[PDB]
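Asks: experimental coordinates follow, after the sequence.
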Amino acid sequence: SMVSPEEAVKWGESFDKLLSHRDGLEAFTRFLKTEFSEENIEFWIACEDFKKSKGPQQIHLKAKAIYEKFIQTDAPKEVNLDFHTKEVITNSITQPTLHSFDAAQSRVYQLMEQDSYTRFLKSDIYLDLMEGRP
């Protein structure tokens, strides 16, 4: 990770910037890893990894894989995903698309924003990028 304090303070005005920035996603994923909730950031990372596939049969596989692991309530991980979003997923997972979790990507994004991004801004990892005091 190599981020200038400027680019770093810039993360504190846009979670999307943070998250899209490789160094920022990295700062945030550290904060998310340390308390073991990293599978949210990697929830949609899985989805976009699946989005990288072009094989419709693989779409079924990867979608249902992410589905049963995350979208499920009865899952090994389980996401705190919006019920209406997961509802549509549960009904249309039978007919998956390149990223059937496209709406859920945004849900988990806003989840991490309101839950973790706030405290990330006050975390020593981000405050270290700030260079001042933990």
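Replies: All right, it came through fine. Numbers count the residues shown, from 1 in each chain.

Asks: residue contacts, the residue positioned nearest the centre of the chain?
Replies: By C-alpha atoms, centre = their mean, the mean C-alpha position of the chain lies nearest to residue 41, the distance being 2.5 Å. Taking C-beta atoms under 8 Å, 6 or more residues apart in numbering, we find residue 41 in contact with 19, 25, 28-29, 32, 108, 112. C-betas here are computed from N, CA, C, even on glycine.

Asks: ok, now with 6 Å
Replies: By C-beta atoms under 6 Å, 6 or more residues apart in numbering, residue 41 lies in contact with 29, 32.

Asks: quick check: phi and psi at it.
Replies: phi -70, psi -40 (degrees, to the nearest 10).

Asks: how close does it sit to residue 64?
Replies: 21 Å (C-beta to C-beta, to the nearest Å).

Asks: check residue 21 too.
Replies: According to C-beta to C-beta, residue 21 stands 31 Å off from residue 64.

Asks: which one's more surrounded, these two?
Replies: Shown here are residue 21 and residue 64; by other C-beta atoms under 10 Å, residue 21 has more neighbours (19 against 15).

Asks: ok, now how distant is that one from residue 92?
Replies: 32 Å.

Asks: where do the domain boundaries of the chain fall?
Replies: Domain segmentation of the chain under curated CATH domains yields 6-35+116-134, 36-115.

Asks: pull the helix or strand hosting residue 28 out as PDB, backbone CA atoms only.
Replies: Under the criterion of DSSP states H and E, residue 28 resides in helix 22-34. Extracted as PDB, the C-alpha positions of helix 22-34 are listed here (Å, rounded to 0.1, in the frame of the first residue of the first chain):
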ATOM      1  CA  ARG A  22      -6.600  -0.600  -4.800                       C
ATOM      2  CA  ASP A  23      -4.800   0.900  -1.800                       C
ATOM      3  CA  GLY A  24      -8.100   1.900  -0.300                       C
ATOM      4  CA  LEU A  25      -9.900  -1.300  -0.700                       C
ATOM      5  CA  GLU A  26      -6.800  -2.700   0.900                       C
ATOM      6  CA  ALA A  27      -7.000  -0.300   3.900                       C
ATOM      7  CA  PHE A  28     -10.700  -1.000   4.300                       C
ATOM      8  CA  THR A  29     -10.300  -4.700   3.800                       C
ATOM      9  CA  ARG A  30      -7.700  -4.700   6.600                       C
ATOM     10  CA  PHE A  31     -10.200  -3.100   9.000                       C
ATOM     11  CA  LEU A  32     -12.800  -5.500   7.700                       C
ATOM     12  CA  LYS A  33     -10.400  -8.500   8.100                       C
ATOM     13  CA  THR A  34      -9.300  -7.700  11.600                       C
END
